[PDB]
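Starting from these lines, generate the structure:
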Amino acid sequence: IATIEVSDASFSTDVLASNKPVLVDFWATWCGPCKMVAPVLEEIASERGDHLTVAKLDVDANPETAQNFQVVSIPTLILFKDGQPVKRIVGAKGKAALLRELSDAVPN
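Numbering: from 1, shown residues only. Sharing the structure here:
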């Protein structure tokens, strides 16, 4: 299980209508930190594949979707559930940090 590529044209069917929650990576080809987070996302997409879809949205090819979700900086991740944006992550970080930030739980 790897990431999927999505676009303005496919966002409704492939992100909003997804059965699984979808973590959408808003990125661009010229973007340095985007490159650092890409392998973390592929790892998560594999390890959590039965429970999570990870989608990539090139904001330069799809500026309509970026505008619609108020994504200005990149890399920005937005977690969608049942069509609804529920959480945003800003910036490149390691897998442990990212999963903990995504979580609504805290360790005791």
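
Now do the contacts for residue 66.
26, 57, 59, 72 (Cβ atoms under 8 Å, 6 or more residues apart in numbering). Every C-beta, even on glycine, is put in place using the N, C-alpha and C of the backbone.

Which PyMOL command selects the buried ones in these?
To isolate the buried members of the contacts of residue 66 in PyMOL, using 16 or more other Cβ atoms under 10 Å:
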select buried, resi 26+57+59
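
Mind checking which of the contacts of residue 66 land in strands?
26, 57 (DSSP state E).

The contacts of residue 66: which two are farthest apart?
Across the contacts of residue 66, the longest distance by Cβ to Cβ is 13.7 Å; it joins 57 and 72.

in the protein, which residue is closest to the centre?
residue 24 (2.3 Å; Cα atoms, centre = their mean).

I'd like to know which elements the helix or strand that that residue is a member of is packed against.
Taking DSSP states H and E as the definition, one finds residue 24 inside strand 22-27. Counting contacts by 3 or more Cβ pairs under 8 Å, 6 or more residues apart in numbering; DSSP states H and E, strand 22-27 packs against helix 32-47, strand 53-58, strand 76-81.

what about 6 Å?
strand 53-58, strand 76-81 (3 or more Cβ pairs under 6 Å, 6 or more residues apart in numbering; DSSP states H and E).

quick one, which of these is packed in tightest?
Ranked by mean neighbour count, the helices and strands packed on strand 22-27 are led by strand 53-58 with a mean of 22 (mean count of other Cβ atoms under 10 Å).

who's in contact with that one?
3-6, 15, 18, 20, 22-26, 41, 45, 65 (Cβ atoms under 6 Å, 6 or more residues apart in numbering).
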